[PDB]
Each structure stands twice: as C-alpha cells, then as structure tokens.
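Understanding the architecture of this molecule
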Amino acid sequence: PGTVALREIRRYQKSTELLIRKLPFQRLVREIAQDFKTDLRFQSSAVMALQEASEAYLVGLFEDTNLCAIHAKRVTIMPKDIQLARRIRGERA
Amino acid sequence: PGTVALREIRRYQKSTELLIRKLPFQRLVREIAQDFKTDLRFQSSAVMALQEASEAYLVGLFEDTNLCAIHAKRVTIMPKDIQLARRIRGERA
Amino acid sequence: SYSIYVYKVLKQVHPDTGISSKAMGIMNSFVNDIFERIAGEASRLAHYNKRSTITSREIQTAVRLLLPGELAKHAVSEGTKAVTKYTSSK
Amino acid sequence: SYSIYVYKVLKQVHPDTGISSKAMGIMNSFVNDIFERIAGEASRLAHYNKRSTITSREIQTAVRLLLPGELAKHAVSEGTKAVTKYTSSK
Amino acid sequence: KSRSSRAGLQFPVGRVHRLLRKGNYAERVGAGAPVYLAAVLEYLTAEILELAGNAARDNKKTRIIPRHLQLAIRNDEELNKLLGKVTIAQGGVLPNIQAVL
Amino acid sequence: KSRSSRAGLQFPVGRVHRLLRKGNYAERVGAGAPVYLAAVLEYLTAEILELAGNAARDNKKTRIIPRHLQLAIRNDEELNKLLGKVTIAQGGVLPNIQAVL
Amino acid sequence: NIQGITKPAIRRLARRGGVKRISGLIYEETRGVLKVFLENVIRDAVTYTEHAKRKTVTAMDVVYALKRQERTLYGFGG
Amino acid sequence: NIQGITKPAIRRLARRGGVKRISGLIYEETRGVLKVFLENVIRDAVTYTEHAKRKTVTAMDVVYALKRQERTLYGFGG
C-alpha cells in the first residue's frame, strides 16, 4: 500500500548505512576474485570500498530506472526499465 | 504515412553527408563565438569539425530519444523523450 | 595528508564546528582529486602549446576549463590574489 | 603523420585495397588516440607504484586495462613477441 | 619565511610544488604554479567546508559528518557539477520523491 | 640496423620512443616500452584496417572510405567498446531500425 | 539565428536516428539542445584558443574542446 | 552465492532510490547487474594488484579500478 512505501522511501532516503549484510557481500567478492586470481585476499577496507561503491551505483541506477517506469504510466519498476536506463547510460554486460 | 517514413530512415541511414546547410550553421557558430570573444575567427575546418560533432551528437541523441518514445507505447517522439534521455545521459543545460 | 590544513581552513570558516575522521577522509579525497584534475589539464595545455614548463597561466586556464561557471571566477581571483601577494611579498 | 605506416600495414593486409585521404585522417586520429590512452595509463601505473620509469611491463598492464577482452590478449602477445625479437635481435 | 605565509595561504605551497614535479606532469614547473594551485585548493576546500558546516548546524550537530558534505555538495548546483561523478562514502542520497508519487 | 626492423614491425619504434619521453609521461622510459607500444599500435591498426577493407569489398569498392571504418568498427562488438565514445567523421551511422516499427 | 537550422534537416537527423514519427514540438526543443551543445563546446574551444594567443580557433581547438566534453572526434588530427 | 544479496536489501536500495512499487522480477535482474558491476571492477582491481606484485588487493586498488570505470570514490585515500 502506498502509505508504507513512501514511509520506507522517507526513512531509507534519510539513512546513510549500508543496506546489504556485510558477510554475504564479502563472500560474493571472494567468490568472484577467485576467477581472476586464485591466491587473492582483499583487505577489509578494500571490500568496504567496493560495497560503498556498489550500493551507491545501485541506488543511482534505481533512480534512473524509476524515471523510466514513470515515463510510461507506472509506479512499479520492471526489468525493461533497468534495461532502458542501462542502455541510455551506455552500460553493457 | 508509415511507408515513406521508413523509406526515409533507410535512405538517411545509408547516407554519410551532413544534413544541415553549411552556411546557416557557420552563422550560428559565429553568432555564438561573439559572446566569449568579439575578435574571433574560426577556420573552415574548425567549423566543419563542429558540425561533424554536432550532427553526430544529435542522431545519437535521437536514437536514445526514440528508445524512450517506444518505451511507452509510441512511435512519435516528444520533448519529454529528449528530456528523459538527456536526464539519464547526465546532460544539463 | 591534508587534515592539518583542511582543519585549519575549517576553524577559519566555522570556528566552532568540528569534523569527523571519516568526513576528513572524504575531504582528503576531494583535495587530491581536483589537484589531479587541475594538474592533468594544466599538463595537457602545456604539451599542446609545446611548452616544457607548467606556468601559473596554465593552472588558471585549467581552472577555467574544469570548474563551473562562477565557481571558477572566484578560484581565478583567489589564485591571482594569492600568486601576486607571493611574488611581490618577496 | 602515420600515413606511411598505416599504408604499409594496409598493403600487408589487403594488397589491393586503397584508402582515402579522409579515411587516412581517421586512421591517424585512431593511432594518436589509443597511443595517448595507453601511455596515459602506463604513466598512471608507474606513479602508483612509485617507479620513475615506464617499463614495457607498464605498457602491457595498461593494454590489459584499456583494451577489450580478447582484443587485449592478442595485443599482449604481439607486444611480447615484438619486444622479445628486438631484445634478442641485438 | 614560509611560502604558504608569503602567499597568505593555509594549504602547503611547498607540498603542492613537490607534487607538481614528482607527478611528472611537467618538465619544469614555474614558481607561481604551486602557489596558484594551492590557492584554488584552499578556496574550494573552504567553499564546500562552509556549506557542509551549515548543514551540520541545520540538523542539530557540531561535528561535520559525510552526510553533511553530501547534502552540501548536492544542494549547491555549481558544486554538484564539479563532483558529479563522485561518490561520497557514507554520504547517502539527497532526500527526494518524484512528485507523481 | 633499424629498431623497427629489429622488432619486425612497420610502425616507427623510434618515433614512439620520442613521443613517450617528450610527452612528459615518464621520468625515463625503458628500451622495450616503445617497441611494445609500437607493436600494439600496429596490431590494432591492422585489425580495424582488415575489417574495414572487408566492408569496402562487400559494398563494391577498392578504396576504403570512412563509412567502411565506421561500419567496421561498429560491427565488431569488441572494437565497438574501445571506440565507444569516438565519432568517425563522415562515418555515418550503422543501418538499423527498431523492430517495433 | 538558430532558426536557420531546418525542419527538414532536423527530420533527416531524426531519420538517421531511426525516428519514424516526429511531434511538431521537437523541432524547437532540438534547437535548444543543439545551441547548448555548441555553446559548451565553443566556450572551451575558444578558451584553448585564448591560451596560445591565437585569434583564430583552429580545428585542433574544437578537438580538445570535444575531448574535454567526453566526445573524441577522428578526422581532424589527433 | 549472489543469492546472499536479499529481497529486503534490494527493496531498501530501491527505496533509497525513490522507488515505490517493485515488480518481483527486478530482484533477480538487479543481482545480474550487481554481479557484472563487481566483476568489471574487481577484474581491473586485481590487475592493479598483480602489478605491484601484491597478493592482497588494497583499498587503493579498488579506487583506481573505480576511477577507470568513471566512478570516483571519496573516503579511502586519493
């Protein structure tokens, strides 16, 4: 329902904390690093830097996605919005 | 009508020539340069470089605009598309 | 790295408002960043004009190029004011 | 500026296909561009690792960083092949 | 006497001078170069530090935390361009809800 | 004997060597540096020049004009990334109409 | 003066962009962007000129201006 | 393993983005992008590490990696 949604926007927009649990993220980084070089170790701050940048990247993406969703007539964001945003952003997989 | 439109797309997509009349463009450049420095003169190639870059910029913009127009349900491109594109492109006036 | 100075500048602007270590981290990133940016363009300007030395005249043009509208005008003023004092203030 | 070489390379690849002056202009822009790009990163890599000299080891890492996926692998091979010939081919 | 004081500055003219040559930016950097650059650095520092300090007060605090730098940078239209593609660690995002909601 | 021939290359090793030091990139550039860089430059040149030459034939011509470089660069997925934010003067655009039309 | 740009020309530019239908308003809207794009580029372009003490803006100036804009242009040097 | 990222977390991330309603599909879609983003960044990050002969990826490596990505990050040095 609309009221809780906005209430959540308001609260999480006022927030400054990392929204993903530290551990799961760290694992994702290790489980990725292993491809490029098997004997790799990341300092905790280096991992931290990645999360700060990762979540920053994502909300920024979300904002743009939101603008696309609204561009039609919707309030609900679909994959096609993330894609249209990333497209115009020049991003690629 | 659809048939002529596509026929025009096909022809102008195959084309490589500058689509704006040289003269009007050159005037626009002079009539702008005058602000920054009154005693300014542009070589013809420098002007040419500006047009190559200007029209390039514009079709590129148009492509993106087109993707926005289509994003709703439309085929006709409106200002709100150019704006949504420029927004996600990070551009500003 | 700049913490000394940025703190010194802080008291000069808000002589009662402190700054966190983490926020100081950011300030340091900012200082190094725009330094890197300005010196990069300055260096670029010098090669273009086939000059082997980076004059203050390059720092200025670099500043005009990288900084926004009116934010650039002050930076030039401040720099000229500063450079001139130093040169005369032998 | 590179027209000599790019033409020399052209005949080597298509010994019957010519190239326009305007197209040659582009090729020259390309050569200078990626040169500027690669040397820029190479230089960046050297300062980071507090080295006063740009080794071929920097050109390589720079190449890995700037060039796409598999397009980078060849460039490294070609460069190593080339460097090694020159070094041994005294 | 100090080059930083001769120029009436806080930022280290000397340090900036070292960085300019070490950096391998130039062949030889002039005398006024670091003093001009040091000057601009100090200026911008004061600028964002000012707006930041304001936002710190406006909430309720005395210590400036990243959020303030963020809120500060994003709210000044001119500073927002300069640090457009910059991410302030723990800066968070500027409160904003698209009207249509 | 020539440094370009010793390295089995077309691109001017010497020239590249001059540019590396003049450029004020480094303090001192090594011996293999220009030979490696010259090598990569020649490679990429050959690559795009090849694909370009193909497109020239595919149409009907013998001379490679910008359109070919363009069509060439844009069609190779890998080359398209490298020269992503590059504008080929008189290159035109890659023929393409969004399906939905 | 920007009115010298033309409906045709913009339609062609749109066509090359793969645009089928064009609302009558985008012609003036496009003039808006083309002007802003040129101002930004010419501003930095003359700043480069005002640096070598040259009253004439060379094509290499427009190039550096464009590179600063994040828009590399091939065909006028390097 | 990326499944360790969570619906909540992504919803929060979306909330901070000013998103009101979230289709159930964007959770997996977002995981797609987050992974690609991290791969690209960590790849260049370890390339910088493999350069100083350090087996440990320092925070300055992630910074240079990000600057190469066009994403400057403040707070971990400079």
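Residues numbered from 1 in each chain as written, not as in the entry; some residues may be left out. Chains lettered and ligands numbered in written order. Heavy atoms only, no water. Residues with missing side-chain atoms left out of burial classes, pairs and counts.

Looking only at helices and strands, chain G features three helices and three strands. When the helices and strands of chain G are read in sequence order from the N terminus, they spell out α-β-α-β-α-β. In terms of C-alpha radius of gyration, chain G reaches 15 Å, well past the compact-globule figure of 12 Å for 78 residues. Principal-axis analysis of the C-alpha atoms gives chain G an extent of 45 × 25 × 15 Å. Put simply, 35% of the contacts in chain G that link residues at least 6 apart link residues at least 24 apart. (Helix = DSSP H or I, 4+ residues; strand = E, 2+ residues; numbered from the N terminus. Rg over C-alpha atoms; globule rule 2.2 N^0.38 Å. Contact = heavy atoms within 4.5 Å.)

It is common to give the size of an interface as the accessible area that goes away when the parts come together. Contacts between the two partners involve eight residues from chain H and, on the opposite side, nine residues from chain D. On the chain H side of the contact with chain D, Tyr48, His51 and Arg68 of chain H bury the most area, a combined 59% of that side's loss. Here chain H is connected to chain D by one salt bridge. One salt bridge in this structure joins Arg68 of chain H and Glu41 of chain D, with 3.3 Å as the shortest N-O distance. Mapped onto the side of chain H that touches chain D, the elements with two or more residues apiece are α2 (26–52) and α3 (59–68) of chain H. By residue number, the principal contributor to the side of chain H that touches chain D is α2 of chain H, which donates six residues. (Buried area = accessible area lost by both parts, 1.4 Å probe. Salt bridge = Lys/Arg side-chain N within 4 Å of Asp/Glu carboxyl O.)

Let's shift gears to a positive patch on the surface. The grouping of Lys50 of chain D, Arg15, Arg18 and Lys22 of chain E together with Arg54 of chain H at the surface amounts to a positive patch. Residue placement: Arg18 of chain E occurs in helix α2 (residues 13–22). (Patch = residues over 30% accessible without salt bridge, like charges linked within 9 Å, V, L, I, M, F, W, Y side chains within 5 Å. Areas by Shrake-Rupley, 256 points an atom, 1.4 Å probe, with all protein chains shown as cover. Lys, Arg positive; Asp, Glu negative; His and termini not counted. Charge placed at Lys NZ, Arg CZ, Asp CG, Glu CD.)

Under the definition given, this model contains twelve aromatic pairs over all chains. Look at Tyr5 of chain C and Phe11 of chain E: their rings are 6.1 Å apart centre to centre, the planes differ by 50°, and that puts the pair in the tilted class. Remark: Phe11 of chain E occurs in the loop between α1 (3–6) and α2 and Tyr5 of chain C occurs in helix α1 (residues 3–13); the pair is interchain, linking two chains. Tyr5 of chain C gets classed as buried once you look at its relative accessible area, which sits at 18%. What makes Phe11 of chain E buried here is its relative accessible area of 0%. The cationic tip of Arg15 of chain E hangs over the ring face of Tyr2 of chain C; the distance from NZ or CZ to the ring centre is 5.1 Å. In this structure, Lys7 of chain H is placed above the aromatic ring of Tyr27 of chain H, and the distance from its NZ or CZ to the ring centre is 6.0 Å. (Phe/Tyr/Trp six-rings, centres within 6.5 Å; stacked < 30°, edge-to-face > 60°. Buried < 20%, exposed > 50% of the residue type's maximum accessible area, 1.4 Å probe, protein only. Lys NZ or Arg CZ within 6 Å of the ring centre and 35° of its normal.)

Before going further, it helps to examine the environment of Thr16 of chain A. Checked against the element boundaries, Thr16 of chain A lands in the loop between α1 (2–14) and α2 (22–36). Since its relative accessible area comes to 27%, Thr16 of chain A is described here as partly exposed. When the C-alpha atoms of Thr16 of chain A and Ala5 of chain A are compared, they prove to be 18 Å apart, with eleven residues separating the residues in sequence. If we ignore the near neighbours within four places in the chain, the residues touching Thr16 of chain A are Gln90, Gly91 and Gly92 of chain E together with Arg16 of chain H. A polar side-chain atom of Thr16 of chain A sits 2.5 Å from the main-chain carbonyl oxygen of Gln90 of chain E. (Polar contact = N/O pair within 3.5 Å; in protein donor to acceptor, adjacent residues only side chain to side chain.)

It is worth spelling out the side chain of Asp33 of chain C at this point. Considering the arrangement of structural elements, one finds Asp33 of chain C in helix α2 (residues 21–48). Residue classification places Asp33 of chain C among the buried positions, given a relative accessible area of 6%. The residues touching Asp33 of chain C, leaving out its near neighbours within four places in the chain, are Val86 of chain E together with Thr72 and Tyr74 of chain H.

The residue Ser20 of chain D is located in the loop between β1 (18–19) and α2 (21–48) in this model. Judged by relative accessible area, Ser20 of chain D falls into the buried class, the value being 18%. Each residue touching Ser20 of chain D, except ones within four places of it in the same chain, is listed here: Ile64, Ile65 and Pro66 of chain F.

Another aspect to go through is helix α3 (residues 56–66) of chain C. The buried fraction of α3 of chain C is high, at nine of eleven residues. Along α3 of chain C, the residues classified as buried are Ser56, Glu58, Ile59, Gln60, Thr61, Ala62, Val63, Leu65 and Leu66 of chain C.

Tallied over the full model, the rule gives 30 salt bridges over all chains. Here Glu91 of chain B ties to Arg86 of chain B by a salt bridge, and the two come within 2.7 Å at their closest N and O atoms. Given a relative accessible area of 19%, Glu91 of chain B falls into the buried group. Judged by relative accessible area, which is 13%, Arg86 of chain B ranks as buried. Members of the salt-bridge network, linked through shared partners, are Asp64, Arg86, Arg89 and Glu91 of chain A.

On to the interface of chain E and chain C, then. Taken together, the contact pairs 55 residues of chain E with 57 residues of chain C. Carbon and sulfur atoms supply 71% of the area buried between chain E and chain C, which totals about 5000 Å² over both sides. When residues of chain E are sorted by the area they lose upon contact with chain C, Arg6, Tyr25 and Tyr36 of chain E head the list and together hold 16% of the total. Counting across the chain E and chain C interface gives one salt bridge. Between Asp16 of chain C and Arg57 of chain E there is a salt bridge, with the nearest N and O atoms lying 2.7 Å from each other. Only α1, α2, β1 (28–29), α3 (32–59), β2 (63–64), α4 (66–75), α5 (77–82) and β3 (86–88) of chain E provide two or more residues apiece to the side of chain E that touches chain C. It is α3 of chain E that provides the largest number of residues to the side of chain E that touches chain C, a total of 21 residues. Its residues placed into classes, the side of chain E that touches chain C shows 34 nonpolar, nine polar and twelve charged. (Nonpolar A, V, L, I, M, F, W, Y, C, P; charged D, E, K, R; others polar.)

We now examine the environment of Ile64 of chain F. Among the structural elements, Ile64 of chain F can be located in strand β2 (residues 63–64). Of the residues examined, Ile64 of chain F reaches a relative accessible area of 0% and is grouped as buried. In sequence terms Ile64 of chain F and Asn54 of chain F are ten residues apart; their C-alpha atoms lie 9.1 Å from each other. Discounting residues that sit within four places of it in the chain, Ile64 of chain F has contacts with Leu10, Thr17, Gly18, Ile19, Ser20 and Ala23 of chain D together with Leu49, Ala52, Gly53, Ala56 and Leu69 of chain F.

Residues and elements named next belong to chain D. One way to put it is that helix α3 (residues 56–66) packs onto helix α4 (residues 71–88) with a least axis distance of 9 Å and a crossing angle of 165°. Between α3 and α4, the angle falls in the class roughly antiparallel. Relative to α4, α3 is oriented so that their crossing is right-handed. Note on element contacts: α4 touches α3 through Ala72, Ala75, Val76 and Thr80, opposite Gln60, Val63 and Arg64. Split into classes, the residues belonging to the contact of α3 with α4 amount to four nonpolar, two polar and one charged. (Axes fitted to C-alpha atoms, helices over the stretch in contact; angles between N-to-C directions. Parallel < 35°, antiparallel > 145°, perpendicular 65-115°, else oblique. Left-handed = near helix turned anticlockwise from the far one by under 90°.)

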